[PDB]
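A quick write-up on the structure given underneath.
FYI the Cβ positions are ideal-geometry reconstructions off the backbone, even for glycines, and counts take in every protein chain you see. Just so you know, all these numbers are worked out from the coordinates, no wet-lab data involved.
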Amino acid sequence: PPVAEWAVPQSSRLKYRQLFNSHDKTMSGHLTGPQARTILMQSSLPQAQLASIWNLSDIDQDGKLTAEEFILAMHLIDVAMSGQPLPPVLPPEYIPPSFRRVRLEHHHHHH
């Protein structure tokens with residue numbers, strides 16, 4: 001099947017991409033820390049878990065959640081809403097492409 005990438009359900013990802021989408025001026029392409037946290041706050045979940053989910057979501061700890069990162073974050077909120085336990089580490093199942101490898105360093109000289 002196509003669209004078999006990323007373990008978050010296609011209908012679900014569309015629903016979160018939408019909100020992202022409804023909150024973006026069709027130009028930002030990412031939400032800043034406060035912006036992301038504002039929507040996260042509307043879950044009525046504990047800040048302890050919110051900070052935990054944030055730390056889990058933001059893969060490079062930048063302070064910006066893109067559409068992919070937002071879908072990840074809210075999906076984790078959904079898990080917490082569902083009353084299901086959160087993992088100590090995030091699985092590659094829910095890690096978006098390109099963000100699965102980040103190395104801006106190459107210094108290796110032996111030959």
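Here are a few things to note about the model shown:
- Based on DSSP H segments of at least four residues, each scored -39500 (n - 2.57), the chain has a per-residue ellipticity at 222 nm of -13000 deg cm²/dmol.
- Sorting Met74, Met41 from the fewest to the most surrounding beta carbons within 10 angstrom yields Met41, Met74.
- Cβ-derived FRET efficiency at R0 25 Å, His23 paired with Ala51, nearest 0.05: 0.75
- Percent of Cα-Cα distances greater than 21 Å, calculated over the chain: 39
- Normalised contact order of the chain, rounded percent, pairs of Cα under 8 Å and 6 or more residues apart: 33
- Label point 7 Å beyond Cα of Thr38 along Cβ direction - residues of the stretch 1-21 with amide nitrogen under 15 Å: 19-21
- Each of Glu68, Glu105 was scored by other Cβ atoms within 10 Å of its Cβ. Listed from fewest to most, they are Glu105, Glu68.
- Cα gyration tensor shape of the stretch 1-48, rounded if a/c is under 1.5, else prolate or oblate by comparing a/b with b/c: oblate
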